[PDB]
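Single-letter residue listing:
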Amino acid sequence: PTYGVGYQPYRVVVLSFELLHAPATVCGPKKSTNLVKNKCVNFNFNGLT
Amino acid sequence: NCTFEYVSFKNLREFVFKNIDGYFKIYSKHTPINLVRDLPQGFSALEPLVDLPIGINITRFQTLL
Ligand SMILES: *[C@@H]1O[C@H](CO)[C@@H](O)[C@H](O)[C@H]1NC(C)=O
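Residues numbered from 1 in each chain as written, not as in the entry; some residues may be left out. Chains lettered and ligands numbered in written order. Part of a larger assembly, values for the part shown. Heavy atoms only, no water. Residues with missing side-chain atoms left out of burial classes, pairs and counts.

Method of determination, as given in the entry header: cryo-EM; reported resolution: 3.12 Å.

The following block contains the structure:
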């Protein structure tokens, strides 16, 4: 613990991203709005625009 | 090695298996029956169970019993 910062321990995580012909098993989270009935709106349900 | 994993005569249990663009699709139906030696003559449609993003190719299969 008495070491200077260049000698002190650092933890490291390297996050590696893979993309192939095989389908996406991981995605960033997709947020949702409140719902408006009886008004003209743009909409998106499960990617159906 | 380890991989992806998932958890969910008197009768006829009918199933369909197909593999398209990296997804494995399973459909099924159950019915009462009154015939032993053949598939019962009539119509009902198999509903989807699961649609799994496994990427694996298939050319052969077998039953467990
Ligand atoms: C499935 O087979 C195709 C060739 O038809 C190949 O390009 C692909 O990499 C194979 N997928 C796996 C997960 O082995």
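*Asks:* It is not clear to me how the overall build of chain B should be interpreted in this structure. Could you clarify?
*Replies:* Secondary structure summary: chain B contains zero helices and three strands in total. Ordered by position in the sequence, the α and β elements of chain B form the string β-β-β. Against the 2.2 N^0.38 benchmark of 11 Å for 65 residues, chain B shows a C-alpha radius of gyration of 15 Å, more extended than a compact globule. Seen through its C-alpha atoms, chain B measures out along the principal axes to roughly 45 × 25 × 25 Å. (Helix = DSSP H or I, 4+ residues; strand = E, 2+ residues; numbered from the N terminus. Rg over C-alpha atoms; globule rule 2.2 N^0.38 Å.)

*Asks:* Teacher, can you tell me more about the packing of aromatic side chains here?
*Replies:* For any two aromatic rings, the description comes down to two numbers: the centre-to-centre distance and the angle of the planes. All names here are of chain B. Within the structure shown, the criterion is met by four aromatic pairs over all chains. Ring geometry for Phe17 and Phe24: centres 6.2 Å apart, planes at 20°, overall stacked. Ring pairing ties together the aromatic residues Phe15, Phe17 and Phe24, which thus form one cluster. (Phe/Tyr/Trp six-rings, centres within 6.5 Å; stacked < 30°, edge-to-face > 60°.)

*Asks:* Sorry, what's going on with the sheet that holds strand β1 (residues 11–20) of chain B here?
*Replies:* Strands in a sheet are paired, the pairing made by backbone hydrogen bonds, and the direction either parallel or antiparallel. Residue and element names in this part refer to chain B. If you trace the three strands from one edge of the open sheet to the other, you get β1-β2-β3, paired in antiparallel fashion. The open sheet has two free edges, formed respectively by β1 and β3 (47–52), since each of these has just one partner strand. Averaged over all pairs of adjacent strands, the angle between their axes in this sheet comes to 20°, without regard to strand direction. Pairing analysis gives five bridges linking strand β2 (residues 23–32) to β3, with the strands arranged antiparallel. Looking across to β3, one finds that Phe24 is bridged to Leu52. (Pairing = 2+ DSSP bridges. Axes fitted to C-alpha atoms, helices over the stretch in contact; angles between N-to-C directions.)

*Asks:* Any chance you could explain the pairing of β1 of chain B here in plain terms?
*Replies:* Regular strands place their side chains on alternate faces of the sheet. All names here are of chain B. Pairing of β1 with β2 involves 10 bridges; the strand directions are antiparallel. Paired with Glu14 across the two strands is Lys29, which belongs to β2. From the end of β1 to the start of β2, which pair antiparallel, there are two residues, and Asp21 there has a positive phi angle of about 30°.

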